[PDB]
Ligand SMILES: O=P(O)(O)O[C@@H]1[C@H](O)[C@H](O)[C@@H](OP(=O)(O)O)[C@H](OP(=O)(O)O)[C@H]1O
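Here you get one chain, nothing else, as structure tokens; it is the form solved without the ligand.
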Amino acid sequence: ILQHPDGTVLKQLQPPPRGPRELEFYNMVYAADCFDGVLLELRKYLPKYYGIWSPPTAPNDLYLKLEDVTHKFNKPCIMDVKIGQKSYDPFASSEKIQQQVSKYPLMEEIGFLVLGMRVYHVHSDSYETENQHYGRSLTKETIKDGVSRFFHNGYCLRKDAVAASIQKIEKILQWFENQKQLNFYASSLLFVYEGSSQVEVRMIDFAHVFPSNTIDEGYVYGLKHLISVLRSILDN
């Protein structure tokens, strides 16, 4: 991700078939002639899409031009959470499946994985960053406190941001409860809240979204478990 000062991000297409699939996803969703009520509703929860972009002198070099969801914040606290029971898609080989489950074998049990967080600390006037190893080290014992850490800001636990996150996730859950046409593997929720002394939840990362004729039960499971953890944190 490259943050552009104009309030967009440039995401370089991943190698094929992943990058091309993510392009086609955005193209289908934001199709100008699209009057599919499900897909029109979905736009609310995605970064706004500005189309394929490549440098003037390099047509080979493909990016997606997306809304920077953090742009309206002064000191954004950002957490990326991969959603679902399976990080591998319906067309994964035995090795690929093994690779993906190996990356985090608790995915079926938990239904989500913290990919990373960036948390502004008022007292320090500085950022605390967690990488992929943080979330992958979280067990069932430690997942609540693992998530809680994101909301330690402003000399307190930010229960306001926790509550807001629940309410916004619930809207995304409601969308998933009323669509049977897309299944989402290895996609994320991007959480943002304001860390400054003076909330966004968006769906991102669509290299493994596939047509379906059933409920995306793994994604729903993830959302519901995430909501339950967040709910529990409100009792801290």
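Position 1 is the first residue in the sequence shown; the rest follow in order. What we label the rigid core is the largest C-alpha set whose atoms superpose within 1.5 Å from one form to the other.
Superposition on the core shows that, in 9 other deposited structures of this protein, the C-alpha atoms drift more in one of 84-92 and 155-163; this is 155-163.
Stretch comparison, 30-38 versus 171-179: after rigid core superposition, larger RMS CA deviation in 9 other deposited structures of this protein is found for 171-179. Per the record, residue 198 and residue 199 are separated by 4 to 9 deposited residues that have no coordinates.
Comparing 202-210 with 172-180, the higher mean C-alpha B-factor in the PDB entry belongs to 172-180. Of the two segments examined, 122-130 and 73-81, it is 122-130 that shows the higher average Cα temperature factor in the deposited entry. Comparing the C-alpha B-factors of 116, 111, 146, 154 in the entry, the top value falls on 154. Split the chain's modelled residues into thirds by C-alpha temperature factor. Residue 107 is in the middle one. In this PDB entry, the Cα temperature factor of residue 87 sits in the middle third of its chain's modelled residues. When the modelled residues of the chain are ordered by their C-alpha B factor, residue 68 lands in the lowest third. Per-chain ranking of the deposited C-alpha B factor places residue 226 in the lowest third. For residue 34, the recorded CA B-factor ranks within the highest third of the chain. Only modelled residues enter the ranking.
Missing here is the form solved in complex with the ligand; even so, the following discussion is about that form.
With respect to the ligand in the deposited complex, the three residues 14, 18 and 96 uniformly fall within 4.5 angstroms at the level of their nearest heavy atom. With the partner omitted here, the residue from 199, 182, 29, 186 that has a non-hydrogen atom within 4.5 angstroms of the ligand in the deposited complex is 186. Contact with the ligand in the deposited complex, defined as a heavy atom within 4.5 Å, holds for exactly one of 75, 82, 86, 158, namely 82. At least one heavy atom of residue 136 is located within 4.5 Å of the ligand in the deposited complex. Interface residue remark: residue 153 is not counted as part of the site for the ligand in the deposited complex, having no heavy atom within 4.5 Å.
At a distance threshold of 4.5 angstroms between non-hydrogen atoms, residue 148 is out of contact with the ligand in the deposited complex. A residue is said to contact a partner when one of its heavy atoms sits within 4.5 Å of a partner heavy atom; residue 103 meets this definition for the ligand in the deposited complex.
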